[PDB]
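Spelled out from the first residue to the last, the chains are:
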Amino acid sequence: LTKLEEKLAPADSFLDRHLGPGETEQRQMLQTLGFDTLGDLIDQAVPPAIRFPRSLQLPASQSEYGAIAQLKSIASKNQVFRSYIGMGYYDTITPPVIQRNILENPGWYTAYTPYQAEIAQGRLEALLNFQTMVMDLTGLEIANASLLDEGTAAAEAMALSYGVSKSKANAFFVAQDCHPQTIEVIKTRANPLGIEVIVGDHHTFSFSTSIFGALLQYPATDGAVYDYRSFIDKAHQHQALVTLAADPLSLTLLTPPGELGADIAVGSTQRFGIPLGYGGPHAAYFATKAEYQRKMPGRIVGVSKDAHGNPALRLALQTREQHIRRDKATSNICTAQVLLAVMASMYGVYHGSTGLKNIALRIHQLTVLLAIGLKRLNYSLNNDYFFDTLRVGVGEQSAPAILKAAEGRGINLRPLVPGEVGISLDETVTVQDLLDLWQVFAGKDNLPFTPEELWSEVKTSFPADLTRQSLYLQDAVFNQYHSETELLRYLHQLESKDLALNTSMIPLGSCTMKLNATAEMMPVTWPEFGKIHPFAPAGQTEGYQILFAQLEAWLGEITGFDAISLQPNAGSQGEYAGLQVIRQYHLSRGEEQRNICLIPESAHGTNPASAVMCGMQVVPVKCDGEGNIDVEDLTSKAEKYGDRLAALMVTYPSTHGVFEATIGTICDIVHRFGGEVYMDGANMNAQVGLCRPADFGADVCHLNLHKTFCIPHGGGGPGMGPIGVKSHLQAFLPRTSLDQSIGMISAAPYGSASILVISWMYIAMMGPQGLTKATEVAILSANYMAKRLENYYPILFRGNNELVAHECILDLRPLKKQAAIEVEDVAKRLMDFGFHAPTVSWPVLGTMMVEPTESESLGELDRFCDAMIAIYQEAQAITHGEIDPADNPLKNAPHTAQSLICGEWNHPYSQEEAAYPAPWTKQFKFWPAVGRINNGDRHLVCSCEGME
Amino acid sequence: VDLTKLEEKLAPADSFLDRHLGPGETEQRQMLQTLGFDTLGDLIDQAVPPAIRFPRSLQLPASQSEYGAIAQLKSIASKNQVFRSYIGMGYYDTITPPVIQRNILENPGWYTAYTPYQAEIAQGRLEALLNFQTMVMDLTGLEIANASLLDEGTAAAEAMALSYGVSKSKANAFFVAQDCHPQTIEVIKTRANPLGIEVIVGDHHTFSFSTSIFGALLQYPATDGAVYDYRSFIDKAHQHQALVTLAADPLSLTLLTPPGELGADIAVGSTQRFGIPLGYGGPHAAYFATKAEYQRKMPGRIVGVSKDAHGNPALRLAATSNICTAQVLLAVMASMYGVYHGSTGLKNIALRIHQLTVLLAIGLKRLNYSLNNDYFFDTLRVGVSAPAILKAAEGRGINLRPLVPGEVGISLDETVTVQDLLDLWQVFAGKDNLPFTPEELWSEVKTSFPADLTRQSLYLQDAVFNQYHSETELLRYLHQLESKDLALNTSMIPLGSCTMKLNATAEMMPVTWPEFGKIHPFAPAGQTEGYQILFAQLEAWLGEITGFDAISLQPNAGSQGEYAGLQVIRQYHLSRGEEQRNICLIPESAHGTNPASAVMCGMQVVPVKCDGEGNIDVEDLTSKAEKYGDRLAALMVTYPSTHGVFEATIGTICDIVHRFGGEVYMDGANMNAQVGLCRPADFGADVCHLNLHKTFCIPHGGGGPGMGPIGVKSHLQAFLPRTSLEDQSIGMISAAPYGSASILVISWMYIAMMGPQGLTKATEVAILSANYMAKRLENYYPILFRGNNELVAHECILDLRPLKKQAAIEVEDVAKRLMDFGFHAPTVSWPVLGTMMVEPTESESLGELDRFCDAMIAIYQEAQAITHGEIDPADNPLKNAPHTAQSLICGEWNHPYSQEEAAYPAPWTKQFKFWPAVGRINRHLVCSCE
Ligand SMILES: [Cl-]
Ligand SMILES: [Cl-]
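Below is a summary of the structure that appears in this document.

### Observations regarding the overall build of chain B
Stage number 1. Helix and strand counts for chain B come out as 31 helices and 26 strands.
Stage number 2. Since a compact globule built from 930 residues should have a radius of gyration of about 30 Å, the 28 Å found for chain B is in line with a globular shape.
Stage number 3. Scored against the burial criterion, the 930 residues of chain B give a buried share of 68%.
Stage number 4. With the model as given, the accessible surface of chain B reaches about 30,000 Å², and the carbon-plus-sulfur share is 47%.

### Brief notes about the state of the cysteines
Residue and element names in this part refer to chain A.
Stage number 1. A full pass over the atoms with the stated rule returns two disulfides over all chains.
Stage number 2. Paired through a disulfide, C334 and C942 show a sulfur-sulfur distance of 2.0 Å. Its S-S torsion of about -95° marks the bond between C334 and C942 as left-handed, since a negative value means left-handed.
Stage number 3. Classification of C334 as buried rests on a relative accessible area of 13%.

### Describing the interface of chain B and chain A
Stage number 1. The partner chain A presents 82 residues to the 83 residues of chain B that form the contact.
Stage number 2. Around 7,600 Å² of area is buried between chain B and chain A when both sides are counted, 57% of it from carbon and sulfur atoms.
Stage number 3. In terms of surface lost to chain A, no three residues of chain B exceed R19(B), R102(B) and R476(B), which account for 11% of the buried area on that side.
Stage number 4. At the surface where chain B touches chain A, the tally comes to nine salt bridges.
Stage number 5. One salt bridge in this structure joins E452(A) and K5(B), with 2.8 Å as the shortest N-O distance.
Stage number 6. Counting across the chain B and chain A interface gives 33 residue pairs in polar contact.
Stage number 7. Looking at the side of chain B that touches chain A residue by residue, the classes come out as 37 nonpolar, 24 polar and 22 charged.

### Let's talk about the packing of aromatic side chains
Stage number 1. Evaluated as defined, the whole model comprises 64 aromatic pairs over all chains.
Stage number 2. With a centroid separation of 6.3 Å and 75° between ring planes, the pair formed by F696(B) and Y750(B) is classed as edge-to-face.
Stage number 3. With a relative accessible area of 0%, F696(B) lands in the buried category.
Stage number 4. A relative accessible area of 1% means that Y750(B) is categorised as buried.
Stage number 5. Each member of the aromatic cluster is reached from another via a ring pair, and the members are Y278(A), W526(A), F529(A), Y544(A), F548(A) and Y750(A).
Stage number 6. The ring of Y90(A) carries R271(A) above its face, with NZ or CZ at 3.9 Å from the centroid.

The rules behind the values
- Residues numbered from 1 in each chain as written, not as in the entry; some residues may be left out.
- Chains lettered and ligands numbered in written order.
- Heavy atoms only, no water.
- Helix = DSSP H or I, 4+ residues; strand = E, 2+ residues; numbered from the N terminus.
- Rg over C-alpha atoms; globule rule 2.2 N^0.38 Å.
- Buried < 20%, exposed > 50% of the residue type's maximum accessible area, 1.4 Å probe, protein only.
- Areas by Shrake-Rupley, 256 points an atom, 1.4 Å probe, with all protein chains shown as cover.
- Disulfide = S-S within 2.5 Å.
- Contact = heavy atoms within 4.5 Å.
- Buried area = accessible area lost by both parts, 1.4 Å probe.
- Salt bridge = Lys/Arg side-chain N within 4 Å of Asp/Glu carboxyl O.
- Polar contact = N/O pair within 3.5 Å; in protein donor to acceptor, adjacent residues only side chain to side chain.
- Nonpolar A, V, L, I, M, F, W, Y, C, P; charged D, E, K, R; others polar.
- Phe/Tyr/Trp six-rings, centres within 6.5 Å; stacked < 30°, edge-to-face > 60°.
- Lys NZ or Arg CZ within 6 Å of the ring centre and 35° of its normal.

Below, the structure written as structure tokens:
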């Protein structure tokens, strides 16, 4: 068969679809570089000492059609139950128009963070809608653009609360009826910080122990609705901030955290039409009082002005605070769950306040009806008040029998304690479902009541003093797009403002903006993956178990690590998990004093943030004068701190894009002094099939599946950051269910499980040969671009035949010295050529880092190079005094259509020179939606963006 | 029951009717207020004549939520079985590239616009269509190709009609090879009957040509897979001045010498194999190619290259035929398959299929079976118990083709793997251990068609077929074309007579479920139970809506519906021994497809006058009915009229026709004014067609035929087209028993989600919105043809002729100027020359309606400025529209108006601007709207 099929005319190959440059184009590019074969270039680019000497051991590549069919048979092994398990995840109905035109639209999911706000106004507006929706619902004044999941959001509230206090308190109170995974995430975050987590009963908590904060669940995990006002008042007189983890759908009916006096509200917006996803992805919310706005973690959309005085949005950063409490108040998050926040905000837009309230009201009414019927069947109910969740006492002999009978109908209930079961209803629930529940509990299909007769007993089952009266979602945007046609057009208008991968290459250094192929994306929205509750019984998730087993083995082979955790749900979470595992390792050997983390001064700012969150003390390691890592400063500090040494965090190849052939020795050094080596996987697209982190001395790494392995960038999302570890660290990995484990890094055991299918598909379609070729072509394209631009812009940090790896760093500092042109000028001017800028001013201030990836055609690479060459000449005209140095296209970019068409034109250049500076713009023109937005040095944590 | 009563108590759930309707309750009351009515019911009572008002609720299932309707259809779909069908017969499983599926077929930017009437804002799909034509031209080796036809059978029937019109032969006979696909032969006979054409079905091997023919149709490769050299046959046909058509598989043409090189005059075929779902019959784009010497009588639409006002390249869409559409969406998909794969990719797909087929053949031979095709491409004719072979195949989820006793056919395709090959061998062997090893057979593998038919000529050598092979490049190319086109995701397209309403996501979703999209139209009945349920339900529901006793879902275009309906009437009169009844009465304001359909049916058209108020002249009708009483076949009517009027005389009109022995056919163009409010059968129509792509939400596809089912009274039921391959059936109207079956799920979903209450409300709101627009515009443009109580129905006709008198402004000036405001024009110059007919539908919001009215009002003021000498009568925005960005930005500006006045004439254009891709590009008797 195999040898028979090899004889047949070639079939459609996914590798060819994924690679931008074909064979012909590759030969052209090699010729400009001066190499006969790609193999020759790669032999010079990669140091023999670390070159992986064999083929990756992975399943042979399949066609798109074949991979889909294989994954379909795997998916068919999952069972889609009606899960009434609750615990922070509830089935919901994604309006088809949103599923098709957002979730299944590359126009919405292919861009990354809105670094270049002028060409991201569409998704920034949807995020602003998300924030408004969260503010209205929570009754709190400030809301960010979303966080990873509910549990991590709660941990961010804990950190903020510690930073605000001025007392001797080191305890944080967590109610024992918070969701259990939330408590686990908080404990895991508290451990390296030395924070005492007190898990207790809010009813009886004495406040005899000083706390800086308290977390309460609203409604509680068992469904109970409580009035938290007196707790909140007592907490305040003890100087603690109170955070409510509050179900946002419930807030359409219940008095909100703001009005109860709470200081912070967090929760999941999953119920706003986001698939269960077997854990994710879902956007969590975070809201607080205006007095704490400067301490807000993560990203937040603000309203600014453009150069024409018109309103424009930008994605702001947490302002950098200097204070004695920074060591426990640090956050490492630079992203938002953008795509999912867009989806949740659009759910609110489509339903309106009345539609949302009606959804909640119907859930409540069905829940009340369920309760009445259960009582008529002589079960006991334990919640005095509730929204959507009942706590049913059944008799400790009968509980497993009830759960098994429910399963017999394709229904999951929540096993509470023996003699008790929980039931959470949701938007999908019908009267037919209600009848199934009754019959299950009755043990027969004939009931001693008729469903309709029970209606007279139905009434609001939460107290009057918690019955919300205040309004929400009153702004026009939530009232005017309720027909499918109007929402369709609203989505299209927003999408059209944004430059995504369906327009042009976005060559973001360190971000790997490669192809997010349709076949990879398709299975995400199969219900067998999308409609599974994360806490469903193992018997119903055999397909996911297979998916996990295979992905773990494959990523393990690519990295060379012995074990993989698929849990961490962001790049930053991967770093954090990796450091946590290292910390736990030293603890397991009785060495609680190894807390020094060596970090190269060129590192992305999330690295030391993550280290600080792990209770580590960062020690900077210096760079060369040739831009490589300085071994002697490393050694000097590896000695000075030698018996305190916990870790070295390194990126390979370097953040400067260098294949440092000294990598194995650096590792050999750290080990000599007792430390472990962690590799940041940002630059892993230069490695796949060419070298393996475990082989050169790394003990743990994380991978960015949303970079190297095709999960889309989501308009700014966290993606997934699984970690690989060697055998000696295996015992410490995050738990895969609800023991030397560090605990839980993400709320869900497999993080955002549903998007893992994308990376599975990529590997299945590429195979060993495909994955390796992709790496080699990415290196080819970077070197090609470097070679084309080297006479215009100095290329920094070369080899080794003076080659680069997968990215090239352009030095724009001469343009400032010669023409007073700033890197931001070049970035906006690129928009007029139809391009999103590459990475700006990181790792080197005043430069650009360009990463084309392997997915972009020679034609597209040449156009970008031609744009940069055109911009060089514009700068020359300034330098030579041929144009006004203050009034020129570079200073005035981006140019909107209106600015060129309306009003008086007083520029020493033509409207044509402004809008059509290259031939291709006259065939297809992308219009910047707004002029340059108001407001050099990089943020200290989110290093690729401007300081706040 | 008790659950229903309990459910009604609960807080309201998301209602599909609310999503479908543009105006909400608040907007509706605001519109009723401007009209002078307190309730919608008061308006409708005055709009619909009480004598024809349907007096009860439609009897249809209560509405379901989007979520619930999807779940119900899913349980129906799960009753279908997706087999590996190697049946062939003109349908072959194929791989739709996922990037094309997601970004074209499941993209409203591609499927929501209609025909490119306004070419300046349709350059995207026009270019994709140009690509389709180039692809067909290259593959067939013939010079002129149209933008596609409905299906293979009807395209072959169009070829017959072309041949009849241009052949110099005095013969009246058309030869059809007996090894053409069986359904093709049926469609040809059905089209030939009313024309008096003799169809000769025979063996092309032995046909003597002593019998004179004007045309011949040959299948390449043949239906049983045999590949023949038709050169000698073609030469003899030419000796007799007959035209030869080859029905040629376009994939096979990557390997086989093409029709153009064999001497053929016309080539037709299906492009379904170019990545289009089986669809249980459709929709698929058929191709039609021919020579320049025959060009003038070729059917359908053809994209041409022209120039715009700036001298830049621009596209436009240039034995009678009634076809005005092309299968646009599917032609786009077929051409993008060609663009994605390129010449090499296509040839490799074909070559692998052939190699697999030769391998299959060698293996079957080792197993002592007889192989009957000397030469073949993808299809084997296998001689033996054939029933036991077929049954054994079914046991592995495989369908083979039952030929004659002792013979089975096997057609391989793009999805076939060596594992599938192994399966076929084991079936025929009778065990899993074969007396050979798969790899061992490779040595005997050789090209199994002759050198004399081995293609050497190249194809798809243009750059477009060579530059978009990565997924990223294709995604971007698709995005750029899409971006040029104005579709329903941009703004309302209020085309009178086209009903541009919401094509809801939930309705579209099931089209691409494998259980609907991946079923072969000739799969065994036991595998298609879900479709059987779908058809039964749809037939019952459409019958209740129309009042008819029986529905045929077969006709696969609006024009096919008219044609089918008239064929049924013709057959009725034949059944009564009254062939002399061939007079078709048609109002003079009718769409041109109506008389063309009648002529195709062998009928003689007699026009009927409109009166001084633009209603059917009852006296004239009565006089003509009486005059042609002895010969009266039919009256064709639209209701409400083509002038948009609910005539109170419709029942009287039907009575007069019946009194003189005619039947009444109703064109369903205006059914969006009727649903729930009146029923064609109830007022006297004997048959009608419905346009499912207008009234019932099938997308307009960028110009597609949609589906045109007919409803008939019991006395016509015997004559309906057959639903499977003595009876009184007219035969076959479409190639597939249920036409484009996969898209029928869209109308099922709409009816399931709307319910009887929703369907009726939709109609009422459509009438409300048209009346609202007329009231807003009446002071600026005279409203023509108001009905009783001075109300219109679902559309209003704006008189633009005063603008011509006062300002020398033409309707085309206004149509292009609307582009600068971000709107696609309404229907231009039909049914009344120099006017516009606007149909908003119920799906557009009050905000959108007001913007369109405001644009028309602003344009009225621009005309006034010309009239009053405030601006140059020749150099003004109306004459220079549409304005491209480049024209406003590049070169010298010498107009007396500003660039801002050109590009931003309304405030909304400063919030969102749609840019016309080209400047202005430099009445048809059939396709009347163009
Ligand atoms: Cl491989
Ligand atoms: Cl209803």
